[PDB]
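When reading the values below, keep in mind they use all heavy atoms of this one structure, side chains included, and skip hydrogens, waters and symmetry mates. Ligands are counted one by one from 1 in listed order, and the atoms in each one are counted from 1 as well. One is the number of the first residue; the rest follow in order along the sequence.
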Amino acid sequence: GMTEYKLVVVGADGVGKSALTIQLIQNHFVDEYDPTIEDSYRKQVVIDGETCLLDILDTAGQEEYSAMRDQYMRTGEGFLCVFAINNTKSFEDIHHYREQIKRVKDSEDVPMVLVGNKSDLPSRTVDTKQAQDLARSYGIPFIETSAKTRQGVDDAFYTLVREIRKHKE
Ligand SMILES: *N(C(=O)N[C@H]1CCN(c2cc(O[C@@H](C)[C@@H]3CCCN3C)nc(-c3noc([C@@]4(C)CCCc5sc(N)c(C#N)c54)n3)n2)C1)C1(COC)CC1
Ligand SMILES: Nc1nc2c(ncn2[C@@H]2O[C@H](COP(=O)(O)OP(=O)(O)O)[C@@H](O)[C@H]2O)c(=O)[nH]1
Ligand SMILES: [Mg+2]
């Protein structure tokens with residue numbers, strides 16, 4: 001049977017959650033995607049020789065801590081916590097997203113990857129060392145991405161699948 005991995009992409013508005021998801025799905029950079037569209041997209045991929053089905057939830061809805069929103073986020077097996085390297089506030093929000101994931105999954109060990117997006121841009125405000133160190137503090141991997149150039153896109157989603165595999169085993 002083909003294993004399906006449910007991946008959820010989270011982070012502050014405008015960090016590039018949709019552009020990253022669409023690069024994985026379409027193999028195309030989409031600079032404009034309605035910031036309110038929250039949807040799931042599937043793609044069959046080969047990761048370490050195993051053909052698997054990715055189901056990616058690209059988050060966008062209003063901040064809401066209700067039984068309904070918690071249950072929808074709880075379907076995720078692994079999470080990408082995205083910030084933009086030129087937006088300090090998005091990096092400073094990361095701990096909130098991790099805390100909410102741990103809470104809905106009722107687990108101290110949820111497969112997770114820290115993603116520093118917009119790596120193509122020159123006006124960086126978050127040092128790579130600070131981002132590597134945040135990931136080190138949590139015991140999770142860190143991946144530098146650009147949805148514009150496709151830098152790190154497969155690395156981010158594929159590392160998350162590998163983290164899910166380790167957790168299940
Ligand atoms: N974009 C904009 O403002 N978008 C909205 C929609 C999402 N959103 C938001 C804000 C937020 O803020 C916290 C960091 C902060 C801490 C104190 C309370 N608030 C104000 N947090 C979230 C958020 N946090 O967790 C989520 C999840 C989707 C992550 C996975 C786990 C769970 S479980 C659960 N329930 C939820 C939820 N909700 C999550 N989301 N979201 C702000 C703009 C762009 O304009 C430009 C308009 C500003
Ligand atoms: N230069 C650059 N712009 C990006 C990148 N990813 C997203 N963007 C831009 O950032 C803005 C928000 O992207 P979007 O995917 O809508 O973010 P979301 O709200 O997290 O889904 C848009 O203007 C995008 O063109 C990237 O890696 N590089
Ligand atoms: Mg979006």
Query raised in the report: Within the structure, does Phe29 bring an N/O atom to less than 3.5 angstrom of an N/O atom in ligand 2?
Result: no

Report summary line: If we number the atoms of ligand 1 from 1 as shown, the ones under 4.0 Å from a heavy atom of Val10 are 29 (C), 30 (C)

Report task. Work out which heavy atom in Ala60 is nearest to a heavy atom in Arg69; give both atom names and the distance. Result -> N-NH2, 4.5 Å

Query raised in the report: Backbone, side chain, both or neither: what part of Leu121 comes under 4.0 angstrom of ligand 2, heavy atoms only?
Result: side chain

Query raised in the report: Could a heavy atom of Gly14 be found less than 4.0 Å from some atom of ligand 2?
Result: yes

Query raised in the report: Who passes side-chain contact (heavy atoms from CB on, under 4.5 Å) against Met2, sequence neighbours left out?
Result: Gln44, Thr51, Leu53

Report task. Could you say whether the N/O atoms of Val30 and ligand 2 ever approach to under 3.5 Å? Result -> no

Requested in this report: Identify, by atom number and element, the atoms of ligand 1 in contact range of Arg103, meaning under 4.0 Å from any of its heavy atoms.
Outcome: 33 (S), 35 (N)

Requested in this report: Quick one: look at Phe79 and ligand 1, take heavy-atom pairs under 4.0 Å, and tell me if it's side chain, backbone, both or neither.
Outcome: neither

Query raised in the report: Mind checking whether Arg74 has a heavy atom under 4.0 Å from ligand 1?
Result: no

Report summary line: In ligand 1, the atoms that come under 4.0 Å of a heavy atom of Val104 are 33 (S)

Query raised in the report: Just checking, is any N or O donor in the side chain of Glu163 or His167 under 3.5 Å from an acceptor N or O on the other one?
Result: no

Report task. Could you please spell out the steps behind the side chain to side chain donor-acceptor pair (under 3.5 Å) verdict for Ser123 and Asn86? Result -> CA-CA 6 Å; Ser123 290; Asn86 67 335; over 6 Å; no

Requested in this report: Just jot down the ligand 2 atoms closer than 4.0 angstrom to any heavy atom of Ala19, in number order.
Outcome: 6 (N), 7 (C), 15 (O)

Requested in this report: For ligand 1, find out whether one of its N or O atoms is nearer than 3.5 Å to an N or O atom of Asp70.
Outcome: yes

Query raised in the report: Between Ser66 and ligand 1, does any nitrogen or oxygen pair lie at a separation below 3.5 Å?
Result: no

Query raised in the report: What do the steps show when you test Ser66 against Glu64 for side chain to side chain donor-acceptor pair (under 3.5 Å), and what is the final call?
Result: CA-CA 6 Å; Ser66 62; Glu64 175 187 309; 2.6 Å; yes

Query raised in the report: With a 4.0 Å heavy-atom cut-off (strictly under), which part of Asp120 contacts ligand 2: side chain, backbone, both or neither?
Result: side chain

Requested in this report: Looking only at non-hydrogen atoms, find the nearest pair between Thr125 and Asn87 and report the distance.
Outcome: OG1-N, 3.4 Å

Requested in this report: Report, as yes or no, whether the 6.0 Å neighbourhood of atom CD on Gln71 holds more than 12 heavy atoms from other residues, nucleotides or ligands.
Outcome: yes

**Report entry** Atoms of ligand 2, numbered as shown, that sit under 4.0 Å from any heavy atom of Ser146
**Finding:** 27 (O)

Query raised in the report: Between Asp34 and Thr36, do the side chains contain an N or O donor and an N or O acceptor separated by less than 3.5 Å?
Result: yes

Requested in this report: For ligand 2, indicate whether the residue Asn117 contacts it via side chain, backbone, both or neither (heavy-atom separation under 4.0 Å).
Outcome: side chain

Query raised in the report: Does the N or O separation between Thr145 and ligand 2 drop below 3.5 Å for any pair?
Result: no

Requested in this report: Using distance alone, decide if ligand 1 has a nitrogen or oxygen within less than 3.5 Å of any nitrogen or oxygen in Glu64.
Outcome: yes

Query raised in the report: Is the shortest distance from a heavy atom of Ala12 to ligand 1 less than 4.0 Å?
Result: no

Requested in this report: Would you verify whether the NZ or CZ of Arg136 falls within 45 degrees of the ring axis of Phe142 while also being under 6.0 Å from that six-membered ring's centre?
Outcome: no

Query raised in the report: So, is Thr21 placed with an N/O/S atom under 2.8 Å from the Mg ion (ligand 3), counting both backbone and side chain?
Result: no

Query raised in the report: Applying a 4.0 Å heavy-atom criterion (strictly less than), which segment of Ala147 is in contact with ligand 2: side chain, backbone, both, or neither?
Result: both

Query raised in the report: Cut-off 3.5 Å, side chains only: do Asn117 and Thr145 have a donor facing an acceptor?
Result: yes

Report summary line: ligand 2 atoms nearer than 4.0 angstrom to some heavy atom of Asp31 are 22 (C), 23 (O), 24 (C), 25 (O)

Query raised in the report: Listed by chain and number, what are the ring-ring contact (aromatic ring centres under 6.0 Å, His included) partners of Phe91, not counting sequence neighbours?
Result: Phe83

